Amino acid sequence: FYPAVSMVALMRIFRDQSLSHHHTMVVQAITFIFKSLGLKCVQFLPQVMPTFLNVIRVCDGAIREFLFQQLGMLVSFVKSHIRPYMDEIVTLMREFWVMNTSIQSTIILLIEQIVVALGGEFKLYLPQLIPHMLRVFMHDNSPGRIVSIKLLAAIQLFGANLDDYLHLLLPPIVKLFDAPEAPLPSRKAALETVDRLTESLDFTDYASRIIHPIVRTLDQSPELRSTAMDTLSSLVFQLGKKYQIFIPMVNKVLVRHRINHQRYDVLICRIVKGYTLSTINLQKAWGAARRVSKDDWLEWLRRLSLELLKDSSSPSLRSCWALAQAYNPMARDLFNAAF
Amino acid sequence: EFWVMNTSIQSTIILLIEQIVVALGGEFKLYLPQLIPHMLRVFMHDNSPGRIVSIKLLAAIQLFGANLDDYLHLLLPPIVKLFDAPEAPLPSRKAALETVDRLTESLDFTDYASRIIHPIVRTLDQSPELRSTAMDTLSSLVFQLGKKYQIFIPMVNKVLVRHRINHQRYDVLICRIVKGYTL
Amino acid sequence: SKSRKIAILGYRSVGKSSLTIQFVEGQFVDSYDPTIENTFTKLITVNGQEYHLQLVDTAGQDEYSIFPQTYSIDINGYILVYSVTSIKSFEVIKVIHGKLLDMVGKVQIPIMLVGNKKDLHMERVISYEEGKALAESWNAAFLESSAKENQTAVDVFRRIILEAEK
Amino acid sequence: XXXXXXXXXXXXXXXXXXXXXXXXXXXXXXXXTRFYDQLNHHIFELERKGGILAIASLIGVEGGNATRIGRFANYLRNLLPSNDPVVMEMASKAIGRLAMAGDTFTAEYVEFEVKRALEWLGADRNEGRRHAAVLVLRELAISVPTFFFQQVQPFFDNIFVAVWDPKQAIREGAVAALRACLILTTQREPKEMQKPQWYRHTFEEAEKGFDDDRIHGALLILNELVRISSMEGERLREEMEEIXXXXXXXXXXXXXXXXXXXXXXXXXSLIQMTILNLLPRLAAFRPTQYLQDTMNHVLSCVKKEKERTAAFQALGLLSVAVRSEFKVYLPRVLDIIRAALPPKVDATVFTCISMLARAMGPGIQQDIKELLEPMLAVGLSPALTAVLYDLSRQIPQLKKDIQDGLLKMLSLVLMXXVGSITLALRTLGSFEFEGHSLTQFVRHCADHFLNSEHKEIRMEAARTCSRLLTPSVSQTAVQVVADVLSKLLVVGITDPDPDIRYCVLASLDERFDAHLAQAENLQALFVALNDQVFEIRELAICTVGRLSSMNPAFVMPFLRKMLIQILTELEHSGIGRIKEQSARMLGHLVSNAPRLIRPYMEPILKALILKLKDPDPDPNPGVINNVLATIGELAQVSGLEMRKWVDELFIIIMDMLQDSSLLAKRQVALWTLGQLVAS
Ligand SMILES: Nc1nc2c(ncn2[C@@H]2O[C@H](COP(=O)(O)OP(=O)(O)OP(=O)(O)O)[C@@H](O)[C@H]2O)c(=O)[nH]1
Ligand SMILES: [Mg+2]
């Protein structure tokens with residue numbers, strides 16, 4: 001009962017005119033409701049979600065970065081059940097991606113939560129987003145390229161989804177860890193990203209794309225020699241005896257700068273030989289009935305209804321109190337239920 | 001379509017209007033109201049160095065003649081708001097006074113005696129620099145009004161004595177009104 | 001018989017409820033449930049004067065959350081909180097103070113800053129020095145604290161009442 | 001914009017302050033937030049007076065949302081606590097205007113202000129804390145009666161810590177807070193279960209302290225409990241200022257008051273003052289022996305200088321309170337008033353004359369005829385001429401005798417420097433003379449008008465000469481009236497200052513319009529119709545509009561051409577302000593001159609409807625409002641003629657009512673809807 005009442009009152013506000021001030025409040029409540037319910041939250045989805053997505057398109061950008069944070073929160077609790085509304089979500093994301101640190105951060109965090117929600121299903125919605133992803137790496141004004149770091153940290157999570165689109169997405173990753181200008185942190189993330197992707201994709205096509213830049217990075221910058229070796233080592237592990245071509249070529253930089261990794265040395269030697277492995281606050285509003293005019297009794301009522309909402313043991317009413325002060329008909333309508 | 005609040009284009013477009021008005025003559029009266037929305041938007045706000053955009057547009061409006069008849073009530077207020085306001089750079093202000101002087105020779109001003117006279121009177125007080133100019137506007141405005149001016153004579157006289165101001169043209173006409181025989 | 005209202009703001013999952021409930025009740029285990037307006041009450045004396053504290057344990061404000069209007073009308077104190085086991089909490093707490101000062105104007109309002117989870121040495125990333133300098137830069141007090149010691153949180157709520165005394 | 005109003009704001013820190021505050025109210029209406037917040041904040045800290053003027057100017061003028069109420073409260077908590085006075089009063093007044101903001105933190109706020117205020121009355125700190133707290137409690141009680149009454153139990157248990165503390169300025173204040181809360185108690189206790197515990201508590205605390213520093217406080221509390229317990233006699237006090245549980249103990253407080261009066265008369269002049277406010281008040285409560293000691297105390301104090309200007313008020317209010325017994329002392333008292341008035345504070349002498357005459361009745365008359373030629377010898381006070389109005393009205397036999405001298409006084413002022421003329425002219429119009437001789441006064445008011453480089457003689461000479469010409473048949477009055485109106489109306493068009501131009505034109509009533517109908521007068525009014533100032537145009541269209549029946553041949557044409565110019569402004573000017581003003585003026589022109597409009601109903605109405613249909617007149621609300629207001633009046637005039645258009649408008653209007661994005665004040669839309677359906 002309780003979640004259902006609150007959800008109806010909230011959504012009755014959640015329609016333009018009153019929300020001009022009280023968007024944020026409503027969405028904070030909802031997100032707390034679903035967080036509290038478990039997977040029984042799922043029943044409210046078709047009520048919330050159509051309005052919710054339309055709010056994002058309608059509202060001002062003052063709010064909009066917040067709504068996406070909370071959308072991504074809804075996504076996470078609901079998990080795969082969001083699949084029906086995914087088209088609209090991707091349309092929204094696609095509309096409100098721009099080349100500005102402001103929004104990009106949040107949207108990328110949304111993707112992070114979508115991927116983990118849908119899992120195998122995300123593969124379908126990926127290609128609507130690749131055009132934006134490649135546009136991020138290609139050019140980015142972000143201080144220390146941290147936008148692109150977060151997006152790398154997103155791409156780390158795609159797993160087997162990324163299969164059909166690795167040939168798109170692997171080149172611009174490589175162009176980070178080769179280029180001299182690029183600030184060291186971003187560059188590191190790109191190397192560590194290729195390391196993650198190795199554990200859940202195949203790289204046999206892209207032996208030459210990856211290996212030559214690693215080899216280059218080993219020469220130019222001494223700072224990433226450990227990092228790049230730990231990328232290469234895993235790439236070798238995944239390739240297996242397909243690596244036998246490259247051994248000498250790479251060896252000629254490995255001897256040049258005297259570089260030692262257990263992991264690498266082990267695997268090369270292993271390849272060549274061939275064998276891999278609650279009531280005290282309430283009491284003030286109860287009998288404060290020393291009242292005489294209209295205003296005196298109404299103000300008894302107001303304060304009573306709100307005093308109820310604070311207490312009420314159900315989290316799905318507690319939530320509303322915050323709103324119930326700022327908009328009084330929220331307390332009015334939950335009064336009976338609150339009581 | 002190609003009017004914007006930028007000195008770049010406005011100069012040229014206004015010179016175009018100047019040549020259209022003289023081309024069409026009486027016929028321009030029809031096409032005027034499509035352009036008034038832009039004209040009023042020029043005076044109302046303008047970033048032009050020394051307000052010279054609005055000077056040129058004043059110099060355009062000088063040429064409208066009898067066309068401007070049906071739209072003087074629109075167009076006369078913002079002209080007045082130039083020659084009253086303290087901030088406005090002197091050249092623009094002068095053009096607006098001289099503009100009202102031109103328009104007097106080919107329109108009627110009997111409705112707008114109070115709109116024009118009070119600001120002229122104000123300008124005579126505040127800024128001494130335009131006292132000759134404003135008198136030559138007023139003189140012609142009196143000439144056009146005739147004995148309709150008889151109300152204002154004393155009120156205006158009280159600034160004319162205050163700053164000791166002498167125009168042949170004005171003095172002549174006032175004396176001529178009170179006695180009653182105009183050329 | 002004086003009555004003082006105190007707002008504990010901050011980032012979420014830092015330990016606002018943990019401290020607040022430690023002071024008021026005195027138990028190691030606490031409500032591991034994300035709170036929206038968890039009010040409390042407590043009777044304590046500070047230098048002879050009787051103080052009824054009314055403690056507003058607020059829902060934890062994130063990087064973007066528009067600041068409440070309940071707190072710009074009532075309160076004689078703000079215990080702004082971060083946790084020493086994240087940089088997350090520290091960047092957030094700077095912007096809470098940002099928005100709070102944007103909400104009330106800039107008046108000499110009784111603030112302090114609080115570093116919870118000092119007992120966690122091995123997950124610590126913020127130092128005593130940074131927060132001390134940040135507190136000093138606001139013209140505000142500092143403490144480190146621990147919801148594991150009722151002793152420490154007692155010393156916190158005493159500090160804020162002494163700041164509001166001035 | 002921001003730096004301009006900043007220069008104005010820092011100027012208000014240095015009459016100039018209040019003027020700049022009125023300009024600030026006009027500028028906030030024309031609308032930014034944080035720049036003006038920073039401006040207030042930086043005027044606040046150093047100068048403080050301007051901060052309060054600004055804070056008070058912005059509460060309500062904006063539509064003050066919660067971000068304002070968050071800030072303004074926190075500013076005003078660091079003005080009061082530790083202060084020096086004047087600033088104190090205006091801070092708590094601003095808390096008055098603020099605590100009735102309307103935002104739902106009013107309970108929260110007023111609970112906080114009052115709890116904090118009562119904590120400053122719980123330890124003898126800085127006596128500025130007391131001064132502050134009490135001024136706050138008073139102003140919250142008046143402005144916010146509900147939420148203040150909510151905190152009454154600690155309140156009556158904490159002012160009797162704090163009338164008694166050794167101070168002079170606190171006493172007046174701490175009894176003013178008690179006065180406000182006891183005025184709330186009067187309106188409540190009819191419905192509560194039994195009678196209260198409070199009035200007893202009040203009287204008992206006053207008595208505990210009463211039995212030098214403690215007398216004055218006790219007497220102020222008695223002044224209050226006497227005020228509430230007999231709502232009759234205070235009316236009397238207030239009337240002269242314009243120009244039942246105490247029943248149990250009324251002999252105890254009487255014996256207490258008179259004994260303490262005569263036995264602290266040669267000590268202080270404070271305690272004497274509060275006694276001169278009790279005796280008249282207790283006389284009106286219960287009407288011999290007390291009265292002789294009373295009047296001996298009072299009349300002895302009239303020769304002495306400190307109390308005299310209060311002693312007269314007491315003497316006056318006692319002449320109502322016990323009428324019959326006072327008739328013994330009239331030969332004594334008239335000597336006092338006689339000695340008060342041989343010409344050179346004196347206001348109260350004149351108020352005593354009004355009460356002395358008013359109360360006992362018209363059995364003084366000939367003695368007051370002996371008083372009149374004194375009173376007039378003073379000159380022209382505001383108090384005098386107000387008293388002579390009261391006296392003429394109530395004692396009717398002295399109607400002629402008053403105005404005999406009062407004119408050959410005023411004549412002597414305006415035959416024969418400057419600020420007196422204003423009040424002389426105000427008198428000349430503002431109470432009713434029965435002389436034809438006024439015809440000379442109006443023609444001599446041609447001098448005052450034309451000249452007077454002083455603005456105020458003009459603006460008042462106007463307001464006189466309109467009022468005096470009400471005899472507007474025979475051929476002398478007629479030439480005079482017409483001679484004035486020419487000169488008068490000239491000023492209404494021609495005068496440089498807008499305020500006189502407004503005043504003159506507004507005063508040209510329906511009473512005159514048969515003179516305004518003449519060609520010449522009418523030619524002048526049409527010049528007004530296209531004035532510099534908008535408000536004057538709005539006035540003149542109404543005026544000319546009235547006359548379009550009277551002399552239609554001149555008017556009706558002019559009004560038609562005015563109508564065309566108006567509709568041109570609506571369609572073709574891109575500016576919003578112009579359209580707004582245009583539609584507004586069309587409103588007037590429709591309502592006022594209906595005969596003109598009823599043929600041009602279709603064109604007007606289309607042009608109006610087509611404003612409502614456009615998508616980009618949303619940047620100004622007032623176009624849509626004033627268009628709807630016009631349709632209301634246009635509906636009124638038309639009637640059945642405008643039937644076929646009702647369906648079109650009805651859809652439009654009902655579409656506006658729902659979904660206020662086209663946010664007209666629904667007041668206007670509902671009004672129009674009502675008007676259509678009515679017509
Ligand atoms: N081990 C340990 N845990 C602590 C300490 N202080 C706080 N915590 C933990 O901090 C966790 C998160 O804090 P909460 O009190 O649940 O959350 P909150 O700070 O109230 O913030 P909201 O969730 O926004 O209300 C709790 O699970 C506590 O156990 C400490 O000194 N030691
Ligand atoms: Mg909590």
# chains A, B, ... in the order shown; residues from 1 in each chain; ligands from 1
>>> residues_near_ligand(ligand="ligand 1", cutoff="6 Å", atoms="only C-alpha atoms and all ligand atoms", output="JSON, numbers by chain")
{"C": [12, 13, 14, 15, 16, 17, 18, 32, 33, 34, 35, 59, 60, 116, 117, 119, 146, 147, 148]}
>>> interface_residues(of="chain D", to="chain A", cutoff="10 Å", atoms="only C-alpha atoms", output="number ranges by chain")
D: 66, 103-105, 107, 145-147, 149-150, 187-193, 659-661
>>> write_last_selection(atoms="C-alpha atoms", output="PDB file, in the first residue's frame")
ATOM      1  CA  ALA D  66      12.149  30.926  -0.601  1.00  0.00           C
ATOM      2  CA  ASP D 103       6.265  31.105   2.337  1.00  0.00           C
ATOM      3  CA  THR D 104       5.772  27.890   4.377  1.00  0.00           C
ATOM      4  CA  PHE D 105       8.731  28.462   6.679  1.00  0.00           C
ATOM      5  CA  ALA D 107       5.916  28.569  11.529  1.00  0.00           C
ATOM      6  CA  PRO D 145      -0.910  36.901  15.446  1.00  0.00           C
ATOM      7  CA  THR D 146      -1.464  33.127  14.987  1.00  0.00           C
ATOM      8  CA  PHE D 147       2.105  31.856  15.274  1.00  0.00           C
ATOM      9  CA  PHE D 149      -0.122  33.323  20.132  1.00  0.00           C
ATOM     10  CA  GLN D 150       1.164  29.736  19.745  1.00  0.00           C
ATOM     11  CA  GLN D 187     -10.269  37.916  20.696  1.00  0.00           C
ATOM     12  CA  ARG D 188      -9.760  34.275  21.979  1.00  0.00           C
ATOM     13  CA  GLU D 189     -11.166  33.551  25.507  1.00  0.00           C
ATOM     14  CA  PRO D 190     -14.922  33.581  24.580  1.00  0.00           C
ATOM     15  CA  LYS D 191     -14.434  30.002  23.187  1.00  0.00           C
ATOM     16  CA  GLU D 192     -11.807  28.404  25.579  1.00  0.00           C
ATOM     17  CA  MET D 193     -13.178  26.092  28.327  1.00  0.00           C
ATOM     18  CA  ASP D 659      -2.595  25.384 -18.487  1.00  0.00           C
ATOM     19  CA  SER D 660      -1.316  28.841 -17.399  1.00  0.00           C
ATOM     20  CA  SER D 661       1.645  29.080 -19.814  1.00  0.00           C
TER      21      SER D 661
END
>>> residues_around(residues="stretch 120-127 of chain B", least_positions_apart="3", cutoff="8 Å", atoms="only C-alpha atoms", output="PyMOL selection string")
chain B and resi 83-84+116-117+130-131+134+138+156+159+163
>>> residues_around(residues="stretch 41-51 of chain A", least_positions_apart="3", cutoff="10 Å", atoms="only C-alpha atoms", output="JSON, numbers by chain")
{"A": [3, 4, 7, 8, 10, 11, 14, 15, 30, 33, 34, 35, 36, 37, 38, 54, 55, 56, 71, 74, 77, 78, 79, 81, 82, 84, 85, 88, 89]}
>>> interface_residues(of="chain A", to="chain C", cutoff="10 Å", atoms="only C-alpha atoms", output="list in words")
residues 24, 25, 28, 29, 32, 35, 36, 62, 63, 65, 66, 69, 278, 280, 281, 310, 311, 315, 318, 319, 320, 321, 322, 325 and 326 of chain A
>>> residues_around(residues="residue B:50", least_positions_apart="2", cutoff="8 Å", atoms="only C-alpha atoms", output="PyMOL selection string")
chain B and resi 48+52+89+91-92
>>> residues_around(residues="residue B:34", least_positions_apart="2", cutoff="12 Å", atoms="only C-alpha atoms", output="ChimeraX atom specification")
/B:1,28-32,36-40,71 /D:571-574
>>> interface_residues(of="chain D", to="chain B", cutoff="8 Å", atoms="only C-alpha atoms", output="list in words")
residues 490, 493, 494, 495, 496, 526, 527, 528, 529, 530, 531, 532, 565, 568, 569, 572, 573, 574 and 575 of chain D
>>> residues_around(residues="stretch 50-55 of chain C", least_positions_apart="2", cutoff="6 Å", atoms="only C-alpha atoms", output="MDAnalysis selection string")
chainID C and resid 1:6 39:45
>>> interface_residues(of="chain D", to="chain C", cutoff="12 Å", atoms="only C-alpha atoms", output="tab-separated table (two decimals) with N, CA and C atoms, in the first residue's frame")
chain	number	residue	atom	x	y	z
D	33	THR	N	19.55	38.43	-9.52
D	33	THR	CA	19.46	38.09	-8.07
D	33	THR	C	20.73	38.35	-7.22
D	34	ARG	N	21.80	37.62	-7.52
D	34	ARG	CA	23.04	37.62	-6.70
D	34	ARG	C	23.80	38.95	-6.64
D	35	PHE	N	23.75	39.75	-7.72
D	35	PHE	CA	24.39	41.08	-7.75
D	35	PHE	C	23.76	42.04	-6.74
D	36	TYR	N	22.43	42.04	-6.68
D	36	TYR	CA	21.67	42.86	-5.71
D	36	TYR	C	21.78	42.29	-4.29
D	37	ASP	N	21.89	40.96	-4.17
D	37	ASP	CA	22.20	40.30	-2.88
D	37	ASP	C	23.58	40.70	-2.34
D	38	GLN	N	24.59	40.68	-3.22
D	38	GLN	CA	25.95	41.17	-2.88
D	38	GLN	C	25.96	42.67	-2.53
D	39	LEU	N	25.21	43.46	-3.30
D	39	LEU	CA	25.02	44.90	-3.02
D	39	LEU	C	24.42	45.17	-1.63
D	40	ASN	N	23.30	44.50	-1.31
D	40	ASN	CA	22.67	44.57	0.04
D	40	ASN	C	23.64	44.16	1.13
D	41	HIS	N	24.27	43.00	0.93
D	41	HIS	CA	25.27	42.42	1.84
D	41	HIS	C	26.42	43.36	2.20
D	42	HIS	N	26.92	44.10	1.21
D	42	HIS	CA	28.05	45.01	1.41
D	42	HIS	C	27.62	46.41	1.94
D	44	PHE	N	24.98	46.29	4.05
D	44	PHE	CA	24.61	45.73	5.36
D	44	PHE	C	25.70	45.89	6.44
D	45	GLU	N	26.90	45.42	6.14
D	45	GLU	CA	27.97	45.23	7.15
D	45	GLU	C	28.52	46.49	7.84
D	65	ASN	N	10.22	34.64	-3.31
D	65	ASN	CA	10.38	33.18	-3.21
D	65	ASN	C	11.33	32.79	-2.05
D	66	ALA	N	11.43	31.48	-1.78
D	66	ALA	CA	12.15	30.93	-0.60
D	66	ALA	C	13.65	31.27	-0.47
D	67	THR	N	14.37	31.41	-1.59
D	67	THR	CA	15.79	31.87	-1.61
D	67	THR	C	15.98	33.28	-1.01
D	68	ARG	N	14.96	34.14	-1.15
D	68	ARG	CA	14.94	35.47	-0.50
D	68	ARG	C	14.73	35.32	1.03
D	69	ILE	N	13.76	34.48	1.43
D	69	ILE	CA	13.37	34.29	2.85
D	69	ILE	C	14.47	33.55	3.66
D	70	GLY	N	15.22	32.66	3.00
D	70	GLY	CA	16.45	32.08	3.56
D	70	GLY	C	17.52	33.09	3.93
D	71	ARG	N	17.78	34.03	3.02
D	71	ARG	CA	18.82	35.06	3.20
D	71	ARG	C	18.40	36.15	4.18
D	72	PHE	N	17.28	36.81	3.86
D	72	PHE	CA	16.80	37.99	4.61
D	72	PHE	C	16.70	37.76	6.12
D	73	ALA	N	16.21	36.58	6.51
D	73	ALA	CA	16.20	36.15	7.92
D	73	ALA	C	17.59	36.16	8.56
D	74	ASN	N	18.56	35.55	7.88
D	74	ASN	CA	19.94	35.46	8.39
D	74	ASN	C	20.71	36.79	8.42
D	75	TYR	N	20.35	37.73	7.54
D	75	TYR	CA	20.84	39.12	7.66
D	75	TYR	C	20.28	39.77	8.92
D	76	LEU	N	18.95	39.74	9.06
D	76	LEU	CA	18.27	40.42	10.16
D	76	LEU	C	18.53	39.86	11.58
D	77	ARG	N	19.05	38.63	11.69
D	77	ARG	CA	19.55	38.11	12.98
D	77	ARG	C	20.90	38.66	13.44
D	78	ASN	N	21.66	39.27	12.53
D	78	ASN	CA	22.90	39.96	12.87
D	78	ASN	C	22.80	41.47	12.60
D	79	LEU	N	21.60	42.03	12.77
D	79	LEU	CA	21.38	43.48	12.99
D	79	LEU	C	20.97	43.77	14.44
D	98	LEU	N	8.52	40.72	6.96
D	98	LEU	CA	9.11	39.44	6.51
D	98	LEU	C	8.38	38.20	7.04
D	99	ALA	N	8.08	38.17	8.34
D	99	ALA	CA	7.36	37.03	8.95
D	99	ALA	C	5.91	36.82	8.43
D	103	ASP	N	5.55	32.38	2.52
D	103	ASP	CA	6.27	31.10	2.34
D	103	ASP	C	6.03	30.19	3.54
D	104	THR	N	5.95	28.88	3.30
D	104	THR	CA	5.77	27.89	4.38
D	104	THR	C	7.11	27.54	5.07
D	105	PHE	N	7.79	28.57	5.57
D	105	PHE	CA	8.73	28.46	6.68
D	105	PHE	C	8.36	29.52	7.72
D	106	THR	N	7.08	29.91	7.76
D	106	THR	CA	6.60	30.98	8.63
D	106	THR	C	6.47	30.46	10.06
D	107	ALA	N	5.91	29.27	10.23
D	107	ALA	CA	5.92	28.57	11.53
D	107	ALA	C	7.33	28.37	12.06
D	108	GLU	N	8.21	27.85	11.20
D	108	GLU	CA	9.63	27.62	11.52
D	108	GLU	C	10.34	28.91	11.93
D	109	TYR	N	10.16	29.96	11.13
D	109	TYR	CA	10.76	31.27	11.38
D	109	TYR	C	10.29	31.85	12.70
D	110	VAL	N	8.98	32.03	12.84
D	110	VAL	CA	8.39	32.72	13.99
D	110	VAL	C	8.62	31.91	15.29
D	111	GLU	N	8.58	30.58	15.22
D	111	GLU	CA	9.04	29.75	16.34
D	111	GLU	C	10.49	30.07	16.73
D	112	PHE	N	11.36	30.24	15.74
D	112	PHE	CA	12.76	30.59	16.01
D	112	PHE	C	12.99	32.00	16.57
D	113	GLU	N	12.41	33.02	15.93
D	113	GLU	CA	12.56	34.43	16.38
D	113	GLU	C	12.08	34.62	17.83
D	114	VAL	N	10.94	34.01	18.15
D	114	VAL	CA	10.32	34.14	19.47
D	114	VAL	C	11.09	33.35	20.55
D	115	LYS	N	11.46	32.08	20.30
D	115	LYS	CA	12.30	31.29	21.25
D	115	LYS	C	13.64	31.96	21.59
D	116	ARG	N	14.30	32.50	20.56
D	116	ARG	CA	15.54	33.28	20.70
D	116	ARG	C	15.31	34.59	21.48
D	117	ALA	N	14.25	35.32	21.13
D	117	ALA	CA	13.84	36.54	21.86
D	117	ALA	C	13.62	36.31	23.37
D	118	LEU	N	12.96	35.20	23.71
D	118	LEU	CA	12.73	34.82	25.11
D	118	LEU	C	13.99	34.32	25.86
D	119	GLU	N	14.97	33.78	25.13
D	119	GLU	CA	16.29	33.48	25.71
D	119	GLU	C	17.12	34.72	26.09
D	120	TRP	N	16.95	35.83	25.36
D	120	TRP	CA	17.53	37.15	25.76
D	120	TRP	C	16.83	37.81	26.98
D	121	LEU	N	15.60	37.39	27.28
D	121	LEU	CA	14.88	37.73	28.53
D	121	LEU	C	15.01	36.65	29.64
D	122	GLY	N	16.09	35.85	29.60
D	122	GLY	CA	16.40	34.83	30.63
D	122	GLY	C	17.79	34.93	31.27
D	123	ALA	N	18.41	36.12	31.18
D	123	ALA	CA	19.68	36.48	31.89
D	123	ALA	C	19.98	37.96	31.61
D	154	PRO	N	5.41	30.56	27.72
D	154	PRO	CA	6.69	31.12	28.19
D	154	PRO	C	6.72	32.66	28.21
>>> atom_distance(atom1="atom CA of residue A:2", atom2="atom CA of residue A:308")
13.7 Å
>>> atom_distance(atom1="atom CA of residue D:172", atom2="atom CA of residue D:273")
12.3 Å
>>> atom_distance(atom1="atom CA of residue D:357", atom2="atom CA of residue D:425")
27.2 Å
>>> select_by_dssp(residues="stretch 41-113 of chain C", states="alpha helix (DSSP H)", output="PyMOL selection string")
chain C and resi 71-74+88-104
>>> closest_residue(among="C:91, C:30, C:25, C:149", to="ligand 2", atoms="only C-alpha atoms and all ligand atoms")
C:30
